[PDB]
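The chain that follows stands alone, in the form deposited in one PDB entry, written as structure tokens.
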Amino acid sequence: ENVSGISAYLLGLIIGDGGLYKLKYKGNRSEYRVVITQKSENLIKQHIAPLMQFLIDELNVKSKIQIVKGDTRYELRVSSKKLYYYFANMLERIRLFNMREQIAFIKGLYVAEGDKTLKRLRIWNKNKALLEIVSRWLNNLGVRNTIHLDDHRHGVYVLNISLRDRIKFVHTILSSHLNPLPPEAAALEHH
């Protein structure tokens, strides 16, 4: 559905390098935010924002994409109750993801949480269940993988993708054109 693939890719980025925030302020004021953070300005302005703006248009959400330059990172922010619950309800149903959504999400999550050298293929997160879900999808896609406690200091697990399956993982998941192609997958093959 392409809307579904982009949504799922975006959720991957959000759940990795952003978040979904229900805010209460004085009083009794509130706010609902959909957020992606990144150091890279290009990545946020040229790759992520156009994807988000498209999703906003098709959902007829009339909030704007904010870009705030913080001390350590840029924040792409959408202040929208509707978009907030759109991504939240999508997250609730994450185990129901079809194949295209699965691939797009994993794609998005790797851009956020992954080993970017590609010398190794690793996804970090403190959410073991999240990693396990991904792990099952990978297995079912013929991509072998293990999950371990990589960081004893902070409680961070890593999903390690077998180098024996480097090729399958990279061209099938990172270089798929069913979904938004990540920046140096769309550089990997116009090389």
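Rigid core here is just the name for the largest C-alpha set that superposes within 1.5 Å across the two forms. Heads up: residue numbers just count along the shown sequence, starting at 1.
When the C-alpha B-factors of 79-87 and 95-103 are averaged, 95-103 comes out higher. On average the C-alpha atoms of 160-168 have higher B-factors than those of the other stretch, with 123-131 and 160-168 being the two compared. Annotation for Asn139: C-alpha temperature factor in the highest third relative to the rest of the modelled chain, per the entry. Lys24 sits in the middle third of its chain by CA B factor, as recorded in the PDB entry. In this PDB entry, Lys69 carries a Cα temperature factor that places it within the middle third of its chain's modelled residues. Per the PDB record, residue ranking by Cα B-factor puts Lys62 in the highest third of the chain. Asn145 sits in the highest third of its chain by CA B factor, as recorded in the PDB entry.
The form deposited in another entry exists for this protein as well; it is not shown, and the discussion that follows is about that form.
For the residues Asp151, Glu132, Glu41, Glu31, superposed on the rigid core between the shown form and the other one, a C-alpha shift of 2 angstroms or more shows up only at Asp151.
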